[PDB]
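**Student:** Pasting a structure here, questions to come.
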Amino acid sequence: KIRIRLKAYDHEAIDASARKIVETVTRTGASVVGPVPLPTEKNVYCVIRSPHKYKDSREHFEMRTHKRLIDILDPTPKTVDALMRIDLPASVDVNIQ
Amino acid sequence: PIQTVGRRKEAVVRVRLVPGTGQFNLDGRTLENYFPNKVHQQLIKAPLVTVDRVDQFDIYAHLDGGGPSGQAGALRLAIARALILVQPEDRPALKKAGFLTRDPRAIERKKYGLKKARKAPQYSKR
Amino acid sequence: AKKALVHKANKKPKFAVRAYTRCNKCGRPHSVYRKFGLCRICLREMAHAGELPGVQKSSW
Amino acid sequence: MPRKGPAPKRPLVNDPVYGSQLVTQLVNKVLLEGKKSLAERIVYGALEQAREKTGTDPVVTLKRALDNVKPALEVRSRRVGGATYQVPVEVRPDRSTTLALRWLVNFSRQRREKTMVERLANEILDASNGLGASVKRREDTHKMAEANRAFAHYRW
Amino acid sequence: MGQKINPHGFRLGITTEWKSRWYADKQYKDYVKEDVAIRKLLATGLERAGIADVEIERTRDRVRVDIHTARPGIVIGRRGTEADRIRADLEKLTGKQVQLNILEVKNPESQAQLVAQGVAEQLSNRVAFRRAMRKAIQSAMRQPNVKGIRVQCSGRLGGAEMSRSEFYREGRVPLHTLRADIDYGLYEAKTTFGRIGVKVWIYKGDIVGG
Amino acid sequence: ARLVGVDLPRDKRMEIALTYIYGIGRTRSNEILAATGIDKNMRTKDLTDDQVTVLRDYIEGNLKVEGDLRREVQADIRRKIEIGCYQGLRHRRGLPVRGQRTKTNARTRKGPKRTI
Amino acid sequence: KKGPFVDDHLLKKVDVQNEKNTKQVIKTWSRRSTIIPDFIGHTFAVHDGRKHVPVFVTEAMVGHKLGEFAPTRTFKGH
RNA sequence: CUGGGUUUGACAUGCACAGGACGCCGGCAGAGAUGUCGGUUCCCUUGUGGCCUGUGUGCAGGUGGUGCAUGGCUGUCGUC
RNA sequence: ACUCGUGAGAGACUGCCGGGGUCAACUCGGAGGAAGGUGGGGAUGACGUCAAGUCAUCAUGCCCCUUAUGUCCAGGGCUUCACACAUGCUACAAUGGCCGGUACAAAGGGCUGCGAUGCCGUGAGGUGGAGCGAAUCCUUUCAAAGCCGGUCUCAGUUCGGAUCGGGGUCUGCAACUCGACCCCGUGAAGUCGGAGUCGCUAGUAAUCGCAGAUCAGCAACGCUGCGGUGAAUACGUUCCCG
Ligand SMILES: [Mg+2]
Ligand SMILES: [Mg+2]
Ligand SMILES: [Mg+2]
């Protein structure tokens with residue numbers, strides 16, 4: 001499958017990025033896709049703060065990283081350029097699958 | 001054309017019930033090539049076994065996600081919904097077996113500090 | 001741990017044997033974990049502020 | 001469920017090639033942590049071997065063996081007034097069938113033969129004939145219940 | 001004292017805002033470094049002047065600071081002696097300019113951090129901590145668009161040796177409720193005997209803020 | 001049968017029967033059979049004298065004899081023990097040579113679990 | 001992989017020894033030249049400041065310091 | 001921990017004595033620190049601002065102790 | 001017209017009926033319904049005990065060192081060992097091992113990193129570039145358990161893989177003390193385990209692998225998330241502990 005397995009650092013940031021992508025593509029007037037339900041995961045962060053005997057109150061404090069995906073088909077170079085021209089947030093570390 | 005939807009833990013399926021000869025053409029694979037366990041065959045036939053319409057109606061499904069059992073359950077739910085929408089009189093014949101509803105049982109959210117979901121770490125007394 | 005030493009130790013050093021941490025925030029050559037290249041003080045400051053890439057503390 | 005009430009029986013559909021809730025329960029019990037198709041093939045081979053050996057209905061032979069090895073009394077242990085008593089209480093059909101299937105699978109895994117299919121076939125044959133480890137354990141449990149029958153007056 | 005989690009630290013992305021809202025690839029380190037440097041530089045000054053929040057934002061190689069002063073007049077004195085002085089100090093300590101822009105608060109008693117600063121100053125001024133907390137609670141509950149308050153001054157109260165943590169509350173201060181919009185303030189007071197902790201909670205209202 | 005000084009099993013495939021030699025095993029025997037043009041599914045009771053001789057000379061030419069390898073291992077061990085290195089010290093003390101855990105593990109090299 | 005402390009002198013000595021293929025000990029003077037792959041097990045008599053001990057370098061020894069097989073800082077305690 | 005260095009110190013800041021060279025790239029003695037040599041010699045502008053170089057000065061520095069003095073964070077009891 | 005990863009709305013509020021209950025809360029069954037009686041699962045940790053953990057995250061009152069206990073450098077140590085305790089992996093064999101052919105899952109690590117086709121290699125891999133601040137590229141147009149065929153004939157063995165010797169590889173200047181991985185041989189304990197004891201109530205246990213936190217290079221079998229296939233019990237609180 002395709003589009004996409006990425007990750008972000010802020011739910012607000014990622015949802016704003018999805019919204020602005022939808023807005024710019026709809027303004028270019030190309031199209032939209034059919035969203036599907038899929039949950040997020042819990043990242044792996046259980047780091048200590050001191051090398052001393054901190055083994056009580058030790059494990060972690062989850063770093064909430066909510067991620068959303070938007071699939072797409074039938075490529076068009078115009079949409080390719082409209083989507084690759086710029087990224088407003090730039091904080092969502094997107095990764096290609 | 002009539003079309004329904006079936007959902008599972010992490011899988012979805014869309015079918016279009018139409019008359020003809022009984023067959024299951026999956027996304028690029030056939031019935032025996034998609035259900036080799038020989039139990040998912042019986043599971044997805046149960047909706048068509050309670051009411052003998054196995055070789056009477058066609059099944060052109062398109063699924064995505066999950067595994068063998070998940071896809072089997074999704075296709076069963078899709079066939080159940082199609083039978084609900086086509087033949088309302090046969091709806092009890094399918095509800096009596098435990099169909100027409102997606103089993104709420106699904107994968108939960110694993111907990112922190114544990115090995116798996118509902119599994120505490122082993123520790124010996126001292 | 002000043003600007004001169006930082007610039008001399010970050011780029012190609014004179015001898016390859018000089019491959020110490022040389023943090024960029026405080027500049028101390030040692031007492032810094034190369035796991036993140038930051039001294040514990042600023043490391044935990046950013047951890048508590050929510051800026052460092054993925055470090056936190058007690059919740060269980 | 002525990003301390004709340006009974007559990008709802010799973011409305012499982014009868015086996016397609018055998019049509020026996022007891023057979024499906026035996027399959028679910030002998031299932032080895034997900035080996036569904038493997039256990040199904042194993043039980044099918046065992047029933048085919050039992051058929052080739054006897055010359056009758058496999059389902060009927062299995063039902064007869066289960067009815068013959070069904071324990072009619074299972075001992076327990078209850079403390080009444082600061083004293084342990086192994087009072088025997090009336091068992092239910094489902095519990096007796098489950099215990100019989102457990103003993104059968106245990107003695108089949110304990111049997112030393114070539115393959116698991118042959119082990120299960122020979123175990124079923126012995127249970128049907130009346131000379132097997134399952135029948136021996138049933139007789140031992142019956143003897144224990146008859147010996148401990150001296151203390152049965154509570155029915156709490 | 002207790003294991004209660006910081007409401008601001010918990011709702012930093014739900015209800016409350018972030019003091020450092022920027023992003024940079026490989027430069028976030030230097031960004032937060034300059035941020036904490038400016039914070040340490042302004043610590044004494046803006047603490048003697050009264051400070052509530054210092055929101056720092058990063059732009060194309062420049063900075064955008066917004067400090068919330070409570071008592072304008074001490075930090076903003078003569079034009080070219082205090083404000084410009086601190087500005088030049090920050091500029092020469094950092095590697096860029098500083099277009100400092102101060103923003104005045106609407107009510108010092110409504111901000112948790114300011115209430116904590118005031119109660120800590122009162123305690124350090126050799127006064128009765130009980131009366132100080134009572135008067136602070138009265139000022140913060142004299143209808144400053146509020147609905148609840150909870151003040152706590154832990155540590156060596158009254159210059160004693162026992163860590164007395166007086167739990168004083170008034171109104172409604174729920175911690176498990178998410179739709180609270182509660183402001184929190186954590187302060188560390190320095191005395192001639194040691195350190196003292198000040199934990200404040202101001203439940204303004206039941207505003208959603210979605 | 002007699003190949004280089006060791007006897008093969010009675011009823012076993014060639015790739016498993018050739019494992020009895022101190023210098024030939026499953027994959028080594030498979031490669032030898034592939035190079036000599038002999039099948040691997042044959043039992044150990046239908047061998048020919050010509051095949052025995054050809055396999056013997058082929059292994060003697062490519063590899064060396066079982067006794068050769070045995071005494072070579074012995075000579076290398078005693079040499080690395082006499083030079084006086086870390087490997088020699090560990091071999092003398094009965095401890096692992098590759099530098100692994102030695103607190104409680106390494107019983108495979110230290111012998112049975114002795115406590116005194 | 002930049003230019004390491006290969007001890008160009010020892011490097012060329014080992015190169016000519018490999019070219020002529022004469023198995024003999026090579027009297028060295030450095031202690032930190034075990035990097036370049038051109039050293040085909042050339043037995044170096046190393047100079048630790050006291051004497052020259054003949055020690056042949058091995059595979060796991062590839063990389064380690066020249067004079068580090070035996071403890072160069074002679075000390076036992078008894 | 002073993003042994004050689006720097007020791008107003010690797011690294012911040014106020015007060016004095018001389019400076020335009022520290023600062024940059026390589027060579028030599030060493031395991032390197034370190035010492036030394038070769039190419040550049042400041043930017044303002046006469047009041048001196050910045051720089052360090054050598055000598056003083058208050059001090060830096062402590063992952064040294066004291067959580068039976070604390071701030072902050074939080075573990076079992078107890079998600080009862 | 002099809003699964004509405006972005007926003008909102010509807011749908012569970014005992015909504016209605018009956019047995020009830022004090023015709024007051026509240027309990028069971030039934031109708032519709034995806035969930036019916038806080039829907040399944042979490043975030044959410046009150047006053048306080050353990051004078052609980054932290055002065056090595058940081059500050060911290062007091063004492064102490066200052067040609068030193070501040071700082072760098074080369075080597076060694078934290079990875080040592082005749083033993084014991086704790087947590088995990090490998091298994092102990094036929095629901096098995098090896099070879100050949102085959103299908104779906106969610107989760108991304110990427111800018112001095114990922115790196116597909118090819119050359120040659122038993123194999124780590126030497127050549128390397130189309131493509132990437134984000135679906136043209138590896139993690140495949142996605143794996144293991146799973147299905148078909150051949151073989152081993154139920155044994156210290158084609159189970160198990162450790163020690164050990166020979167032939168090499170990935171990183172960085174430097175891998176016996178100082179990682180991991182590959183090829184050949186070497187083939188030990190282990191025959192499901194006593195006294196004691198641990199975890200599990202439905203997508204739970206079990207079993208299988210995928211991915212990530214930091215590293216140029218790994219001790220990572222660990223810790224976190226993911227899902228593949230997925231069971232039996234639930235007289236009851238006499239009883240061990242809270
Ligand atoms: Mg101590
Ligand atoms: Mg104590
Ligand atoms: Mg055996």
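Ordered as shown in the structure tokens, chains take letters A, B, and onward, while each chain numbers its residues from 1 and ligands are numbered from 1 in the order shown.
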I'd like the contact shell of range 53-58 of chain F - 8 Å cut-off, only C-alpha atoms (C1' of nucleotides), skipping same-chain residues fewer than 6 positions apart - returned as a VMD selection string.
**Tutor:** chain F and resid 3 to 4 32 36
**Student:** Excluding range 67-80 of chain B and its own-chain neighbours fewer than 6 positions away, which residues fall within 10 Å of it when counting only C-alpha atoms (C1' of nucleotides)? Please give them as a PDB file with N, CA and C atoms (P, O5', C5', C4', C3', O3' and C1' of nucleotides), in the first residue's frame.
**Tutor:**
```
ATOM      1  N   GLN B   3     -24.243  -2.201  -2.699  1.00  0.00           N
ATOM      2  CA  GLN B   3     -22.914  -2.361  -2.129  1.00  0.00           C
ATOM      3  C   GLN B   3     -22.971  -2.060  -0.639  1.00  0.00           C
ATOM      4  N   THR B   4     -22.226  -2.839   0.143  1.00  0.00           N
ATOM      5  CA  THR B   4     -22.176  -2.657   1.588  1.00  0.00           C
ATOM      6  C   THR B   4     -20.735  -2.541   2.063  1.00  0.00           C
ATOM      7  N   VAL B   5     -20.531  -2.564   3.379  1.00  0.00           N
ATOM      8  CA  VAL B   5     -19.206  -2.429   3.966  1.00  0.00           C
ATOM      9  C   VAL B   5     -19.085  -3.385   5.143  1.00  0.00           C
ATOM     10  N   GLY B   6     -17.883  -3.888   5.348  1.00  0.00           N
ATOM     11  CA  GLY B   6     -17.590  -4.718   6.505  1.00  0.00           C
ATOM     12  C   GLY B   6     -16.282  -4.295   7.132  1.00  0.00           C
ATOM     13  N   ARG B   7     -16.273  -4.244   8.460  1.00  0.00           N
ATOM     14  CA  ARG B   7     -15.120  -3.784   9.216  1.00  0.00           C
ATOM     15  C   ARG B   7     -14.682  -4.847  10.214  1.00  0.00           C
ATOM     16  N   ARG B   8     -13.410  -4.768  10.596  1.00  0.00           N
ATOM     17  CA  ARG B   8     -12.804  -5.692  11.543  1.00  0.00           C
ATOM     18  C   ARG B   8     -11.826  -4.900  12.404  1.00  0.00           C
ATOM     19  N   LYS B   9     -10.957  -5.618  13.117  1.00  0.00           N
ATOM     20  CA  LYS B   9      -9.983  -4.969  13.988  1.00  0.00           C
ATOM     21  C   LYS B   9      -9.180  -3.920  13.227  1.00  0.00           C
ATOM     22  N   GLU B  10      -8.466  -4.348  12.188  1.00  0.00           N
ATOM     23  CA  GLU B  10      -7.673  -3.449  11.354  1.00  0.00           C
ATOM     24  C   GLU B  10      -7.850  -3.802   9.885  1.00  0.00           C
ATOM     25  N   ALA B  11      -9.091  -4.053   9.471  1.00  0.00           N
ATOM     26  CA  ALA B  11      -9.370  -4.452   8.101  1.00  0.00           C
ATOM     27  C   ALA B  11     -10.722  -3.905   7.674  1.00  0.00           C
ATOM     28  N   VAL B  12     -10.870  -3.703   6.363  1.00  0.00           N
ATOM     29  CA  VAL B  12     -12.123  -3.259   5.767  1.00  0.00           C
ATOM     30  C   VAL B  12     -12.363  -4.068   4.500  1.00  0.00           C
ATOM     31  N   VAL B  13     -13.628  -4.120   4.085  1.00  0.00           N
ATOM     32  CA  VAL B  13     -14.019  -4.868   2.895  1.00  0.00           C
ATOM     33  C   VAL B  13     -15.270  -4.236   2.307  1.00  0.00           C
ATOM     34  N   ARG B  14     -15.367  -4.284   0.979  1.00  0.00           N
ATOM     35  CA  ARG B  14     -16.516  -3.783   0.240  1.00  0.00           C
ATOM     36  C   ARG B  14     -16.907  -4.818  -0.804  1.00  0.00           C
ATOM     37  N   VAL B  15     -18.177  -5.222  -0.798  1.00  0.00           N
ATOM     38  CA  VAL B  15     -18.671  -6.255  -1.699  1.00  0.00           C
ATOM     39  C   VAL B  15     -19.869  -5.716  -2.468  1.00  0.00           C
ATOM     40  N   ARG B  16     -20.212  -6.421  -3.546  1.00  0.00           N
ATOM     41  CA  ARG B  16     -21.368  -6.083  -4.377  1.00  0.00           C
ATOM     42  C   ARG B  16     -22.089  -7.387  -4.699  1.00  0.00           C
ATOM     43  N   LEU B  17     -23.192  -7.641  -3.999  1.00  0.00           N
ATOM     44  CA  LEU B  17     -23.935  -8.880  -4.175  1.00  0.00           C
ATOM     45  C   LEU B  17     -24.737  -8.835  -5.470  1.00  0.00           C
ATOM     46  N   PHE B  24     -15.536 -16.432  -5.322  1.00  0.00           N
ATOM     47  CA  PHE B  24     -14.920 -15.397  -4.493  1.00  0.00           C
ATOM     48  C   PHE B  24     -13.632 -14.946  -5.177  1.00  0.00           C
ATOM     49  N   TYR B  34      -6.663 -17.591  -1.384  1.00  0.00           N
ATOM     50  CA  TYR B  34      -6.773 -16.630  -0.296  1.00  0.00           C
ATOM     51  C   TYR B  34      -7.163 -17.262   1.032  1.00  0.00           C
ATOM     52  N   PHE B  35      -7.807 -18.434   1.019  1.00  0.00           N
ATOM     53  CA  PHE B  35      -8.200 -19.137   2.239  1.00  0.00           C
ATOM     54  C   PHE B  35      -7.595 -20.537   2.210  1.00  0.00           C
ATOM     55  N   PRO B  36      -6.304 -20.670   2.530  1.00  0.00           N
ATOM     56  CA  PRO B  36      -5.677 -21.996   2.569  1.00  0.00           C
ATOM     57  C   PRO B  36      -5.795 -22.717   3.901  1.00  0.00           C
ATOM     58  N   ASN B  37      -6.313 -22.060   4.941  1.00  0.00           N
ATOM     59  CA  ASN B  37      -6.400 -22.688   6.255  1.00  0.00           C
ATOM     60  C   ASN B  37      -7.508 -23.730   6.331  1.00  0.00           C
ATOM     61  N   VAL B  39     -10.368 -23.464   7.386  1.00  0.00           N
ATOM     62  CA  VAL B  39     -11.343 -23.083   8.398  1.00  0.00           C
ATOM     63  C   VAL B  39     -12.001 -21.751   8.061  1.00  0.00           C
ATOM     64  N   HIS B  40     -11.241 -20.832   7.464  1.00  0.00           N
ATOM     65  CA  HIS B  40     -11.827 -19.582   6.999  1.00  0.00           C
ATOM     66  C   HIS B  40     -12.830 -19.826   5.880  1.00  0.00           C
ATOM     67  N   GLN B  41     -12.620 -20.872   5.079  1.00  0.00           N
ATOM     68  CA  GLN B  41     -13.620 -21.259   4.088  1.00  0.00           C
ATOM     69  C   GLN B  41     -14.957 -21.550   4.758  1.00  0.00           C
ATOM     70  N   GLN B  42     -14.946 -22.399   5.787  1.00  0.00           N
ATOM     71  CA  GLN B  42     -16.182 -22.719   6.492  1.00  0.00           C
ATOM     72  C   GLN B  42     -16.751 -21.488   7.184  1.00  0.00           C
ATOM     73  N   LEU B  43     -15.880 -20.631   7.720  1.00  0.00           N
ATOM     74  CA  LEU B  43     -16.352 -19.432   8.407  1.00  0.00           C
ATOM     75  C   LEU B  43     -17.094 -18.506   7.448  1.00  0.00           C
ATOM     76  N   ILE B  44     -16.512 -18.249   6.275  1.00  0.00           N
ATOM     77  CA  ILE B  44     -17.150 -17.358   5.311  1.00  0.00           C
ATOM     78  C   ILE B  44     -18.294 -18.036   4.571  1.00  0.00           C
ATOM     79  N   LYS B  45     -18.385 -19.367   4.623  1.00  0.00           N
ATOM     80  CA  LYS B  45     -19.532 -20.066   4.062  1.00  0.00           C
ATOM     81  C   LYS B  45     -20.703 -20.152   5.033  1.00  0.00           C
ATOM     82  N   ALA B  46     -20.441 -20.085   6.337  1.00  0.00           N
ATOM     83  CA  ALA B  46     -21.520 -20.146   7.319  1.00  0.00           C
ATOM     84  C   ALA B  46     -22.673 -19.202   7.003  1.00  0.00           C
ATOM     85  N   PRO B  47     -22.452 -17.942   6.620  1.00  0.00           N
ATOM     86  CA  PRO B  47     -23.593 -17.106   6.213  1.00  0.00           C
ATOM     87  C   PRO B  47     -24.369 -17.689   5.048  1.00  0.00           C
ATOM     88  N   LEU B  48     -23.696 -18.381   4.130  1.00  0.00           N
ATOM     89  CA  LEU B  48     -24.344 -19.019   2.993  1.00  0.00           C
ATOM     90  C   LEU B  48     -24.661 -20.488   3.238  1.00  0.00           C
ATOM     91  N   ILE B  59     -19.983 -13.280  -5.276  1.00  0.00           N
ATOM     92  CA  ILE B  59     -19.334 -12.447  -4.269  1.00  0.00           C
ATOM     93  C   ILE B  59     -18.079 -11.862  -4.904  1.00  0.00           C
ATOM     94  N   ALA B  61     -15.608  -9.300  -3.806  1.00  0.00           N
ATOM     95  CA  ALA B  61     -15.171  -8.524  -2.657  1.00  0.00           C
ATOM     96  C   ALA B  61     -13.855  -7.815  -2.946  1.00  0.00           C
ATOM     97  N   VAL B  86     -31.076  -7.502   0.808  1.00  0.00           N
ATOM     98  CA  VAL B  86     -31.718  -8.149  -0.333  1.00  0.00           C
ATOM     99  C   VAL B  86     -32.949  -8.929   0.117  1.00  0.00           C
ATOM    100  N   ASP B  90     -34.906 -13.672   5.300  1.00  0.00           N
ATOM    101  CA  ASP B  90     -33.828 -14.543   5.748  1.00  0.00           C
ATOM    102  C   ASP B  90     -32.958 -13.903   6.821  1.00  0.00           C
ATOM    103  N   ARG B  91     -33.276 -12.681   7.246  1.00  0.00           N
ATOM    104  CA  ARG B  91     -32.469 -12.024   8.270  1.00  0.00           C
ATOM    105  C   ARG B  91     -32.412 -12.814   9.571  1.00  0.00           C
ATOM    106  N   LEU B  94     -29.939 -15.737   9.615  1.00  0.00           N
ATOM    107  CA  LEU B  94     -28.544 -15.363   9.809  1.00  0.00           C
ATOM    108  C   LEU B  94     -28.279 -14.815  11.204  1.00  0.00           C
ATOM    109  N   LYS B  95     -29.269 -14.160  11.817  1.00  0.00           N
ATOM    110  CA  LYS B  95     -29.077 -13.633  13.163  1.00  0.00           C
ATOM    111  C   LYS B  95     -29.035 -14.745  14.205  1.00  0.00           C
ATOM    112  N   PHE B  99     -24.591 -13.536  13.699  1.00  0.00           N
ATOM    113  CA  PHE B  99     -24.116 -12.678  12.624  1.00  0.00           C
ATOM    114  C   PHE B  99     -24.911 -11.372  12.636  1.00  0.00           C
ATOM    115  N   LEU B 100     -24.714 -10.564  11.597  1.00  0.00           N
ATOM    116  CA  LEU B 100     -25.373  -9.282  11.371  1.00  0.00           C
ATOM    117  C   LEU B 100     -24.782  -8.176  12.240  1.00  0.00           C
ATOM    118  N   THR B 101     -23.831  -8.479  13.121  1.00  0.00           N
ATOM    119  CA  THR B 101     -23.236  -7.481  13.997  1.00  0.00           C
ATOM    120  C   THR B 101     -21.738  -7.721  14.086  1.00  0.00           C
ATOM    121  N   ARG B 102     -20.970  -6.635  14.056  1.00  0.00           N
ATOM    122  CA  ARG B 102     -19.521  -6.720  14.180  1.00  0.00           C
ATOM    123  C   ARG B 102     -19.157  -6.971  15.638  1.00  0.00           C
ATOM    124  N   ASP B 103     -18.440  -8.058  15.890  1.00  0.00           N
ATOM    125  CA  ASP B 103     -18.058  -8.416  17.247  1.00  0.00           C
ATOM    126  C   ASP B 103     -17.251  -7.285  17.879  1.00  0.00           C
TER     127      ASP B 103
ATOM    128  P     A I 103       2.103 -15.391  -3.450  1.00  0.00           P
ATOM    129  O5'   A I 103       1.084 -15.377  -2.225  1.00  0.00           O
ATOM    130  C5'   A I 103      -0.317 -15.472  -2.440  1.00  0.00           C
ATOM    131  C4'   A I 103      -1.097 -14.820  -1.325  1.00  0.00           C
ATOM    132  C3'   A I 103      -0.553 -13.494  -0.813  1.00  0.00           C
ATOM    133  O3'   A I 103      -0.908 -12.395  -1.634  1.00  0.00           O
ATOM    134  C1'   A I 103      -1.093 -14.889   1.019  1.00  0.00           C
ATOM    135  P     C I 104      -0.647 -10.891  -1.129  1.00  0.00           P
ATOM    136  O5'   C I 104      -1.994 -10.501  -0.372  1.00  0.00           O
ATOM    137  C5'   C I 104      -2.035  -9.412   0.538  1.00  0.00           C
ATOM    138  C4'   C I 104      -2.929  -9.717   1.713  1.00  0.00           C
ATOM    139  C3'   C I 104      -2.840  -8.760   2.893  1.00  0.00           C
ATOM    140  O3'   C I 104      -3.626  -7.593   2.714  1.00  0.00           O
ATOM    141  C1'   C I 104      -2.744 -10.995   3.672  1.00  0.00           C
ATOM    142  P     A I 105      -2.964  -6.129   2.810  1.00  0.00           P
ATOM    143  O5'   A I 105      -2.986  -5.791   4.367  1.00  0.00           O
ATOM    144  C5'   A I 105      -2.067  -6.408   5.254  1.00  0.00           C
ATOM    145  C4'   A I 105      -2.472  -6.244   6.698  1.00  0.00           C
ATOM    146  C3'   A I 105      -1.815  -5.089   7.447  1.00  0.00           C
ATOM    147  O3'   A I 105      -2.523  -3.870   7.285  1.00  0.00           O
ATOM    148  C1'   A I 105      -1.618  -7.085   8.717  1.00  0.00           C
ATOM    149  P     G I 146       3.009 -23.596  10.985  1.00  0.00           P
ATOM    150  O5'   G I 146       1.916 -22.766  10.174  1.00  0.00           O
ATOM    151  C5'   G I 146       0.591 -22.619  10.669  1.00  0.00           C
ATOM    152  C4'   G I 146      -0.304 -21.910   9.679  1.00  0.00           C
ATOM    153  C3'   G I 146      -0.501 -22.607   8.344  1.00  0.00           C
ATOM    154  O3'   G I 146      -1.451 -23.657   8.400  1.00  0.00           O
ATOM    155  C1'   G I 146      -0.020 -20.329   7.964  1.00  0.00           C
ATOM    156  P     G I 227      -2.882  -3.611  17.339  1.00  0.00           P
ATOM    157  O5'   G I 227      -3.478  -4.975  16.776  1.00  0.00           O
ATOM    158  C5'   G I 227      -3.978  -5.042  15.450  1.00  0.00           C
ATOM    159  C4'   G I 227      -3.006  -5.728  14.523  1.00  0.00           C
ATOM    160  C3'   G I 227      -3.115  -7.240  14.440  1.00  0.00           C
ATOM    161  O3'   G I 227      -4.169  -7.670  13.597  1.00  0.00           O
ATOM    162  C1'   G I 227      -0.845  -6.628  14.669  1.00  0.00           C
ATOM    163  P     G I 228      -4.752  -9.162  13.729  1.00  0.00           P
ATOM    164  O5'   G I 228      -3.613 -10.077  13.098  1.00  0.00           O
ATOM    165  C5'   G I 228      -3.335 -10.043  11.705  1.00  0.00           C
ATOM    166  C4'   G I 228      -2.623 -11.294  11.257  1.00  0.00           C
ATOM    167  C3'   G I 228      -3.222 -12.604  11.743  1.00  0.00           C
ATOM    168  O3'   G I 228      -4.315 -13.030  10.949  1.00  0.00           O
ATOM    169  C1'   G I 228      -0.879 -12.627  12.084  1.00  0.00           C
ATOM    170  P     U I 229      -5.733 -13.363  11.626  1.00  0.00           P
ATOM    171  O5'   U I 229      -5.550 -14.841  12.189  1.00  0.00           O
ATOM    172  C5'   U I 229      -5.135 -15.901  11.340  1.00  0.00           C
ATOM    173  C4'   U I 229      -4.699 -17.104  12.138  1.00  0.00           C
ATOM    174  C3'   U I 229      -5.627 -17.513  13.272  1.00  0.00           C
ATOM    175  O3'   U I 229      -6.711 -18.310  12.829  1.00  0.00           O
ATOM    176  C1'   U I 229      -3.397 -17.440  14.063  1.00  0.00           C
ATOM    177  P     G I 230      -8.000 -18.509  13.764  1.00  0.00           P
ATOM    178  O5'   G I 230      -7.393 -19.028  15.141  1.00  0.00           O
ATOM    179  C5'   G I 230      -8.149 -18.962  16.339  1.00  0.00           C
ATOM    180  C4'   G I 230      -7.260 -18.897  17.554  1.00  0.00           C
ATOM    181  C3'   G I 230      -7.882 -18.276  18.795  1.00  0.00           C
ATOM    182  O3'   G I 230      -8.703 -19.180  19.513  1.00  0.00           O
ATOM    183  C1'   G I 230      -5.743 -17.342  18.441  1.00  0.00           C
TER     184        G I 230
END
```
**Student:** For the structure I just gave you, how does DSSP split range 1-114 of chain F - specifically, which residues are helix (DSSP H, G or I)? Reply as a PyMOL selection string.
**Tutor:** chain F and resi 14-20+26-36+49-62+66-82+86-93+107-110
**Student:** What does the list of residues within 10 Å of ligand 1 look like if you count only C-alpha atoms (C1' of nucleotides) and all ligand atoms, written as a VMD selection string?
**Tutor:** (chain H and resid 64 to 66) or (chain I and resid 55 to 56)
**Student:** Chain F residues within 6 Å of chain I, counting only C-alpha atoms (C1' of nucleotides): which ones, as a PyMOL selection string?
**Tutor:** chain F and resi 23+73+103+108-109
**Student:** Write out the residues from the selection above, keeping N, CA, C and O atoms, as a CSV table (one decimal), in the first residue's frame.
**Tutor:**
```
chain,number,residue,atom,x,y,z
F,23,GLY,N,36.5,-33.6,9.8
F,23,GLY,CA,36.7,-32.5,8.9
F,23,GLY,C,35.7,-32.4,7.8
F,23,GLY,O,35.8,-31.6,6.9
F,73,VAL,N,44.8,-28.7,15.1
F,73,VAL,CA,44.1,-28.0,16.2
F,73,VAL,C,45.0,-28.1,17.5
F,73,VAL,O,45.2,-27.1,18.2
F,103,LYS,N,31.6,-14.5,35.0
F,103,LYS,CA,31.2,-14.4,36.4
F,103,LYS,C,30.5,-15.7,36.8
F,103,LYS,O,31.0,-16.4,37.7
F,108,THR,N,30.5,-24.4,30.2
F,108,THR,CA,30.9,-25.3,29.1
F,108,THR,C,32.4,-25.5,29.0
F,108,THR,O,32.8,-26.5,28.5
F,109,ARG,N,33.1,-24.5,29.3
F,109,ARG,CA,34.6,-24.5,29.3
F,109,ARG,C,35.2,-24.9,30.6
F,109,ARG,O,36.3,-25.5,30.7
```
